[PDB]
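Scroll down for the structure; my scribbles are underneath it.
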Amino acid sequence: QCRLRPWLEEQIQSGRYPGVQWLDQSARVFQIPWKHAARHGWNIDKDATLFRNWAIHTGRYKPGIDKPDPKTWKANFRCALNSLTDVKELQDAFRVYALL
DNA sequence: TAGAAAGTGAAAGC
DNA sequence: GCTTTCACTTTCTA
């Protein structure tokens, strides 16, 4: 309910993170936007929200008290996601995963 | 074109 | 149940 997989599965379905969405509802496949922060269009508030929320959710980021750290948010999220043994990255700017 | 700023997996950490 | 660190590897933009 508050672990990465149920939390992510929930974030996906919310449809509030633009770009985060299902590609197959029944094999449990979804994509996460993965824009490079060094890119021209990139901006903290539209490309790092999902990563940021994961930090808020796990207490790693407290808004107002901490200085933003999207690099860390991105890397923390990617290592927590990769640590899950019941999620797979389909190595086919996005990343595509399957909930097993 | 280039180095700085991102980004990365994997082992070590709590 | 993931987070941090580490020793490198990438993506940029101009």
Side-chain angles (χ1 to χ4, degrees):
Chain A
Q1 215 253 344
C2 94
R3 291 225 299 161
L4 189 40
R5 179 217 182 111
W7 178 92
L8 185 45
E9 214 179 0
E10 190 181 299
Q11 305 323 292
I12 278 171
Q13 264 288 3
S14 100
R16 193 201 110 231
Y17 304 93
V20 192
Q21 53 191 97
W22 301 113
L23 305 179
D24 204 86
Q25 63 264 75
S26 327
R28 277 89 218 171
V29 169
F30 59 100
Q31 82 196 356
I32 298 164
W34 218 265
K35 196 171 271 68
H36 204 286
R39 249 193 110 71
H40 168 256
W42 179 106
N43 89 305
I44 181 157
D45 268 273
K46 272 184 213 125
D47 300 304
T49 283
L50 177 74
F51 316 138
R52 184 207 42 156
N53 283 355
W54 182 248
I56 305 185
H57 178 81
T58 60
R60 249 57 209 191
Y61 176 52
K62 311 183 155 274
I65 313 181
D66 294 333
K67 288 302 118 213
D69 198 1
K71 281 134 73 143
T72 315
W73 305 340
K74 216 198 218 205
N76 265 14
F77 181 91
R78 161 175 61 53
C79 294
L81 191 49
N82 288 358
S83 66
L84 303 194
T85 60
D86 76 350
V87 200
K88 211 212 204 87
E89 184 175 11
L90 323 171
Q91 315 233 37
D92 267 297
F94 303 94
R95 249 145 173 71
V96 202
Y97 305 86
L99 305 125
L100 314 153

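Reminder, nothing fancy here: chain letters follow the sequence lines and each chain counts from 1. Heavy-atom basis, side chains included; hydrogens, waters and symmetry copies ignored.
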Check every strand shown and say whether [X] touches a base, only sugar-phosphate, or nothing at a heavy-atom separation below 4.0 Å.
| X | result |
| --- | --- |
| A/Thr72 | nothing |
| A/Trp7 | nothing |
| A/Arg60 | sugar-phosphate |

Spacing of [X] atom [atom1] relative to [N] atom [atom2], expressed in whole Å:
| X | N | atom1 | atom2 | answer |
| --- | --- | --- | --- | --- |
| A/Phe77 | C/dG1 | CZ | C1' | 15 Å |
| A/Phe51 | C/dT4 | CZ | P | 16 Å |
| A/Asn82 | B/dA10 | CG | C1' | 10 Å |
| A/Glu89 | B/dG7 | CD | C1' | 14 Å |
| A/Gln91 | B/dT8 | CD | P | 11 Å |
| A/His57 | C/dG1 | NE2 | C1' | 12 Å |
| A/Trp34 | C/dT10 | CH2 | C1' | 15 Å |
| A/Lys35 | C/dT13 | NZ | P | 11 Å |

Who pairs with [N] - Watson-Crick or G-U, where each distance is under 3.5 Å:
| N | result |
| --- | --- |
| C/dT13 | none |
| B/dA6 | none |
| B/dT1 | none |

Between A/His40 and A/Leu84, which has a closest nucleotide on DNA chain C that is more 5'?
->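 Final value for this comparison: A/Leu84.
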
Are side-chain heavy atoms of [X] and [Y] found at a separation under 4.5 Å?
| X | Y | answer |
| --- | --- | --- |
| A/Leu4 | A/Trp54 | yes |
| A/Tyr97 | A/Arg28 | no |
| A/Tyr17 | A/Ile32 | no |
| A/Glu9 | A/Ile12 | no |

Q. What form does the base of B/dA4 take, syn (within 90° of 0) or anti?
A.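 Anti conformation for B/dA4.
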
Would you indicate which nucleotide in [options] comes nearest to any side-chain atom of [X]?
| X | options | value |
| --- | --- | --- |
| A/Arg39 | C/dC12, C/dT3, B/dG7 | C/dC12 |
| A/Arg95 | B/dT8, C/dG1, B/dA6 | B/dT8 |
| A/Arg3 | B/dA6, C/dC2, B/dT8 | C/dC2 |
| A/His36 | B/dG7, B/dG9, C/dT3 | B/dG7 |
| A/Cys2 | B/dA10, B/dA6, C/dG1 | C/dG1 |
| A/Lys71 | B/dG7, B/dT8, C/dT3 | B/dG7 |

Item to complete: If the plane angle is over 60° it's perpendicular, under 30° parallel, otherwise tilted; pick one for A/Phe77 and A/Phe51.
Response: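 Correct class here is tilted.
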
**Request:** Quick one: do A/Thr49 and A/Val20 satisfy side-chain contact (heavy atoms from CB on, under 4.5 Å)? Show the steps, please.
**Result:** CA-CA 11 Å; A/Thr49 283; A/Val20 192; over 6 Å; no

* To do: Write down the distance separating the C1' atoms in C/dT9 and C/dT5, rounded off to the nearest Å.
  =>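 Comparing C1' positions in C/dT9 and C/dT5 gives a spacing of 16 Å.
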
- Message: Taking the P atom in each of B/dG9 and B/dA5, what is the distance between them to the nearest angstrom?
- Response: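 Looking at atom P only, B/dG9 and B/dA5 are 23 Å apart.
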
* Asked: Taking only N and O in the side chain of A/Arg78, is any of them less than 4.0 Å away from OP1 or OP2 of B/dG7?
  ->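 The answer is no; no side-chain N or O of A/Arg78 sits under 4.0 Å from OP1 or OP2.
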
